[PDB]
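J.: So I've got this experimental structure, pasted below with the sequence.
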Amino acid sequence: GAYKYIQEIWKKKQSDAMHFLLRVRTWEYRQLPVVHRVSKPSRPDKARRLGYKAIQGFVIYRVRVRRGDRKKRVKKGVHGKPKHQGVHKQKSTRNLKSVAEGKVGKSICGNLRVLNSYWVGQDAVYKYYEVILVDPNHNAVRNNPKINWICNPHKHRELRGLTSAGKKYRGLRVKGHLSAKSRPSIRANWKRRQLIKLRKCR
Amino acid sequence: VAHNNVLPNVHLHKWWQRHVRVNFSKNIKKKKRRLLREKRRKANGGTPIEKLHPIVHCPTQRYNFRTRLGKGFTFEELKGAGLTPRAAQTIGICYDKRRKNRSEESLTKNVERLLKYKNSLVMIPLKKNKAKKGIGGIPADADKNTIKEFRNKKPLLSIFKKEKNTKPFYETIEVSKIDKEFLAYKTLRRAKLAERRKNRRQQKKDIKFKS
Amino acid sequence: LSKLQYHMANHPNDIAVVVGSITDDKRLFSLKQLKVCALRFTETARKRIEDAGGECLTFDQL
Amino acid sequence: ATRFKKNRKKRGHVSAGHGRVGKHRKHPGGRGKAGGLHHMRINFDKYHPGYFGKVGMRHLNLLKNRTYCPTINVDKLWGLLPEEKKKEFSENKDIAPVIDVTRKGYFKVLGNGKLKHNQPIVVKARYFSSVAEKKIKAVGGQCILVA
Amino acid sequence: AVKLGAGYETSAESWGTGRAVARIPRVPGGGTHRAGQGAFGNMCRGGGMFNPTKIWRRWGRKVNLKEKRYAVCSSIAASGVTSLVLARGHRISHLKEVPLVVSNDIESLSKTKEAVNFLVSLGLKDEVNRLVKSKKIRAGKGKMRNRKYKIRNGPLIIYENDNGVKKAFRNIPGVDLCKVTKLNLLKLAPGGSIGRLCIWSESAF
Amino acid sequence: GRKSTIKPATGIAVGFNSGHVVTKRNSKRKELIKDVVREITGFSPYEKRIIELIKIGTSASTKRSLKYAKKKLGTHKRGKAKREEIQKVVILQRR
RNA sequence: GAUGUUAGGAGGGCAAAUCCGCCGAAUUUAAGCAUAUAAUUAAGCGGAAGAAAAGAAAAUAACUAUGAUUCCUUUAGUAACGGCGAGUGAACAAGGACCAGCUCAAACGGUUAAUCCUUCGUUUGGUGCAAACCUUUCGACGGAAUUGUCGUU
RNA sequence: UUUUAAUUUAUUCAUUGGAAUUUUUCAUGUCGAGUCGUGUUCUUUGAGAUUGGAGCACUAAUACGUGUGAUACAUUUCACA
RNA sequence: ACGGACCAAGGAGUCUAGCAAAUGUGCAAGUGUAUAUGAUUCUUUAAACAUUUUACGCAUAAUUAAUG
């Protein structure tokens, strides 16, 4: 139950020892580059309660991401109706956690695929997440009866929102009348809804 | 708008050429489905593709009086029939974990249907004349002669189909056995009026039983 | 049929002529010896009137 | 069926049947029902008085499935059952029909009509009305609740 | 239908104030003969017609089932009288009685020479001659659209159980077959006419 | 309309327990891990405030502690649970 | 962690009709126009398959209850939102198509990691002319793995 | 020519392994954290003292819970996961 | 007052959804057979045929914010 003990101690985040450990770890994270490799898990508890394994084809990357929103994109002073004048308070749709594995799965390591990410730490400005990536080419994962499904082509799950964060921010994580619309995906469901069908004999 | 017409209510104000799609292919799609299912059953050695389903009473007030076909039995009926679910899903029986039997009448009807179906199976040998006693409560493996004589007869599908319902809306009683004191309107209104207070009584019953 | 029988209730020996069709009414209990002439009918009304004992006169017979 | 249209009779008429002095212009009054309370209000006030304004409290998710209740007047009850059984029941003074209207697909029984004097009938319905009950019991019949 | 972007795949420019030309749109460019011409529109060369006939017209028509069954009954009973069969156009003067029926052995016939010998021995030689000689190239542009010949109609044979008729009475130009339980008005009363000379079998009748 | 577990449903179609008339049918590791993690972690910065506010031991102290807990944590159920649990543990530690 | 023309492998761009996320307008309507409407659309950017996505309840009802997901008729132009104006617009149940369900994690195995893999080998038989492939298991070295593979539910 | 069923036909001797059901006991075991949630802000929605999502602040309870039961609240049930 | 030098060809109240009215037809307190199902239909056949003893819409009864 050692992992249970670790979960219980990490569940606090505001014990004196936990606060100290978080401060020191975050400080030594900040001076490191924005995205890089960590040879061993920093939270084996959360990782292995997720789809992490101790086999040959597994990689853990630590990444940073700026807190705060993104603001609008227009040059200086925008052109449009009054309903869209404001720029500063505008918010995005993809969560910071999703953008985390986006920054790593986009181009810098195209050989790999994303599975999910966890907490690591936090700060005033630079948030921290450790994305997990799995090698789809080492013979171990191919021969494994499990997990090997990720070796069956569906790439760049982060760009299609197929991770846990993707399901969270696409409205898929809640069923029933609470969500309703987004179940077959938002655009597909809107197409089905407002689409009109006719028939040959009226 | 022009004088005495209904107020227009057309929901075409947005682009709809982009989304109009008529179905010319209804009949040919039907033919394709027919051919596909016919090939599927033909390739299956004569075993009927259809699967047995339970009979359940429909939800809500509007349909509180009809039976229909659900999705699978619960574990209690299978246990009464002597079938474990993981050996019953392989012979054309639907099982789940969501339904929980709540009425003894439906329990009895479902177990009767399942036992009738089980008695109606004629098992096919698995490994070319290595007939055995079977496990999990499946019926015993029949031998060469019985399967040889039955394979050329029509396989019944009435049990597969849903059941008809008996609605004897025409029935007669003796005039002497009529109790003429029953004020139905009084009964209904008194029941509706005494709704709230008896709820107080039931809630206090529950809170006393909580101890 | 109810209105037709009601309106013949005054004199029983005459024949009714109605230009339209006559519809059967399930709101009526029994019918008595009615002689009618219309264009169209309804199978239920035809059976009811034949059981009653009248006959459906068509305009040619009229 | 295109040559049957009115337009096919006015090919050589310049105005095409849509006026000359006034001319035919695209959307003269305004698109849709735009003339409400400003210039087309006379038509609304003459043909659809109560169109404007909102009245009444709010049912959030009605779920019409609950309060569904088809209605049957009390006179049609005899007509429900076949006429030969009607004849035998009328003939005998010892047997009365039982009509469980749930089988047919009816729920409430309403008091409109005029039954046949001195003949009891048994009725089974999810709901009754006071006048219907009075009519039923006035002729020896009985109202039996069902659910 | 026609292509959705019929003729509208060009430039939408209408400089028509001051140039002292018509106000219809034109096309930019130069050197090419198209430059300066009248652009897309219901008006000029190549500009596309005005109401592109879309793929979602009201092609079919839902027709009441009682209506269709009544029509089938009326059609089949129409052929039960000689006057209307003659008025339709069938040459039947040599037949005895127009509800013409044949023993079930007609179902078993298996050679076209014997079939035509049958249908002539019954006295329909004139009908056969008319059907044979009516084969002629029709007029118009239809003959260019894989619809060359236009042959007339002949007697309709009705059978209960095929034993060779379905592959025996075809190749007789103008004759077509219809099983009893699948009888279609499109074959019973062609062209919306009245009655059709029909040869039944005993089982069918 | 609340059901009735016993006294099978009456034949009436509306009212209490309405419906048809069909038949009806019918720790060791946790405290150890809790106390070890309590020793290894300790109380939170607001847990100290709650401890001292409930230690003041007045009705006003209790009201202010509940208000602070609710505004600090969100919702009423969880705040009440936290208040009762923390007062239980402070009583046990006082003993 | 660095270092490597180290051995062995991957990514980059093209193509888009259907599909998947983000960002994101205005023309127009409201007879003006700013909420609204066009529209969670157009444009742009980024990503795959032959289908994808969704999917095994933190569901729906409120009843004698149903029972993964998707799709067709219906619920319905209804409940409801809205300068309550123009306008917008669902879900449950019902009838159909098809109908397949499962494991990570946690527990238990330390008189035993009961594993996995690279490379080099050994061979069990076979369609095929050749070529090439399919089936085939006893290892040696080297590892990775107790900061947790495999077994069981 | 590709597949896919019935149809032929299987017989000896042995070891090792595992599964299902069925009696008797142990013990009521585990069950996903800056996550849920609340406040606030923006957008989106038929969702209306906020449906979903997201930024920011605070931050949880262990199955006797916690999330739904379309109106904000406290007290207390029940239904379903 | 404005367009018209001339000729030949092309050139404009159409289509869809919904409602109403008028007319014709079937049926008639019922009506429509929807999706879909079966068939020795399976050039024409992307049509016709057929639908085991409550599927729904519209109608049979209205009315009030509303428990009804």
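T.: Yes, it's here. Numbers count the residues shown, from 1 in each chain, chains lettered A, B, ... in the order given.
J.: mind listing what's buried in the helix or strand hosting residue C:3?
T.: Element membership for residue C:3 (DSSP states H and E) is helix C:2-8. Using 16 or more other Cβ atoms under 10 Å in any protein chain shown as the test for burial, helix C:2-8 gives C:4, C:5, C:8. Placement of C-beta: from N, CA and C, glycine included.
J.: secondary structure element for residue D:89?
T.: helix D:83-91.
J.: And residue D:135, by the same measure?
T.: With DSSP H and E as the test, residue D:135 turns up in helix D:130-137.
J.: near chain F, anything from that helix?
T.: No - judged by Cβ under 8 Å from any Cβ of the partner chain, helix D:130-137 makes no contact with chain F; its nearest approach is 14.9 Å.
J.: follow-up on the earlier one: which neighbouring elements make contact with the helix holding residue C:3?
T.: strand C:16-17 (3 or more Cβ pairs under 8 Å, 6 or more residues apart in numbering or on different chains; DSSP states H and E).
J.: Adjacent strands (with direction) for the strand it packs on?
T.: Strands that pair with strand C:16-17, judged by DSSP bridges, come out as strand C:36-37 (parallel).
J.: which other residues reach the partner strand?
T.: Residues from elsewhere that reach strand C:36-37, judged by Cβ atoms under 8 Å, 6 or more residues apart in numbering or on different chains: C:4, C:15-18, C:22, C:49, C:54, C:56-59, C:61-62.
J.: I'd like to know which of those residues are buried.
T.: The buried subset of the contacts of strand C:36-37 (16+ other Cβ under 10 Å) comprises C:4, C:16, C:22, C:49, C:54.
J.: mind checking the SS state of the last one?
T.: When the structure is split into helix, strand and coil by DSSP: H, G, I helix; E, B strand; the rest coil, residue C:54 lands in coil.
J.: Tell me how far it lies from residue B:146.
T.: Distance, residue C:54 to residue B:146, by Cβ to Cβ, to the nearest Å: 65 Å.
J.: Make sure residue C:20 is actually in contact with residue C:4.
T.: No - contact between residue C:20 and residue C:4 fails when scored by Cβ atoms under 8 Å: they sit 11.5 Å apart.
J.: Mind telling me which residue is nearest the centre of chain C?
T.: residue C:36 (4.6 Å; Cα atoms, centre = their mean).
J.: Run a quick neighbour tally on the spatially closest residue to residue A:200 that is not a sequence neighbour.
T.: Of all residues not flanking residue A:200 in the chain, residue E:60 sits nearest, at 4.5 Å (Cβ to Cβ, 6 or more residues apart in numbering or on different chains). Using other Cβ atoms under 10 Å in any protein chain shown, the number of residues around residue E:60 comes to 11.
J.: quick one: the strands in chain B?
T.: B:55-57, B:67-69, B:171-174 (DSSP state E).
J.: Out of the ones you listed, which one sits most buried?
T.: strand B:55-57 (a mean of 16; mean count of other Cβ atoms under 10 Å in any protein chain shown).
J.: Identify the residues contacting the nearest residue to residue D:73 once chain neighbours are set aside.
T.: Nearest residue to residue D:73 in three dimensions, chain neighbours excluded: residue D:112, at 3.9 Å (Cβ to Cβ, 6+ apart). Residues in contact with residue D:112 (Cβ under 8 Å, 6+ apart) are D:73, D:74, D:75.
J.: swap in residue E:46?
T.: By Cβ under 8 Å, 6+ apart, the contact set of residue E:46 is E:7, E:40.
J.: Secondary structure class of it, three-state.
T.: coil.
J.: Report the contact partners of the residue in chain A positioned nearest to chain E.
T.: Going by Cβ to the nearest Cβ, chain E is nearest to residue A:201 of chain A, at 4.0 Å. With contacts defined as Cβ under 8 Å, 6+ apart, residue A:201 is in contact with E:60, E:61, E:62.
J.: and those as a markdown table, adding distance to RNA strand H and secondary structure?
T.: Listed next are those as a markdown table, based on distance: Cβ to the nearest atom of the strand, whole Å; DSSP: H, G, I helix; E, B strand; the rest coil:
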| residue | distance to RNA strand H | secondary structure |
| --- | --- | --- |
| E:60 | 33 | coil |
| E:61 | 35 | coil |
| E:62 | 32 | coil |
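J.: Out of those residues, which is nearest to chain B?
T.: residue E:60 (9.6 Å).
J.: give the contact list for the closest one.
T.: A:199, A:200, A:201, A:202.
J.: which of the residues you listed sit farthest apart?
T.: A:200 and A:202 (8.0 Å; Cβ to Cβ).
J.: neighbour count winner among those two?
T.: The residue with more neighbours, out of residue A:200 and residue A:202, is residue A:200; 15 against 9, by other Cβ under 10 Å.
J.: Now do the SS call for whichever residue of chain F sits closest to RNA strand I.
T.: Closest approach between chain F and RNA strand I, counting by Cβ to the nearest atom of the strand: residue F:14, at 7.1 Å. Under three-state DSSP, the three-state class of residue F:14 is coil.
J.: Compute the distance between it and residue C:37, please.
T.: To residue C:37, residue F:14 is 52 Å away according to Cβ to Cβ.
J.: what does residue A:170 give?
T.: Counting by Cβ to Cβ, the gap from residue A:170 to residue C:37 is 74 Å.
J.: Give the buried residues for stretch E:37-47.
T.: E:38, E:39, E:40, E:41, E:47.
J.: got it, and stretch A:42-59?
T.: A:42, A:43, A:45, A:46, A:47, A:52, A:53, A:57, A:58.
J.: Just give me the closest of those to RNA strand G.
T.: residue A:53 (4.1 Å).
J.: Check for me that the closest one belongs to a strand.
T.: No - with three-state DSSP as the criterion, residue A:53 is assigned coil and is not in a strand.
J.: Enumerate every residue touching the residue of chain F most remote from its centre.
T.: Ranked by distance from the centre of chain F (Cα atoms, centre = their mean), the top residue is residue F:11, with 40.0 Å. By Cβ under 8 Å, 6+ apart, residue F:11 lies in contact with D:145, D:146, D:147, F:21.
J.: list the contacts for the residue of chain F closest to RNA strand I?
T.: Taking Cβ under 8 Å, 6+ apart, we find residue F:14 in contact with B:188, B:191, B:192.
J.: Now for those, which sits with the most neighbours around it?
T.: Ranking the contacts of residue F:14 using other Cβ under 10 Å puts residue B:188 first, with 22 neighbours.
J.: From what I see, it and residue D:128 are in contact.
T.: Yes - with contact defined as Cβ under 8 Å, residue B:188 and residue D:128 form a contacting pair (6.7 Å).
J.: so where do the strands sit in the chain?
T.: No chain in the question, so chain A it is. A:35-37, A:58-66, A:113-118, A:126-134.
J.: look at chain E instead
T.: Using DSSP E, strands in chain E cover E:101-102, E:156-159, E:177-179, E:198-201.
J.: Thank you kindly, that will do.
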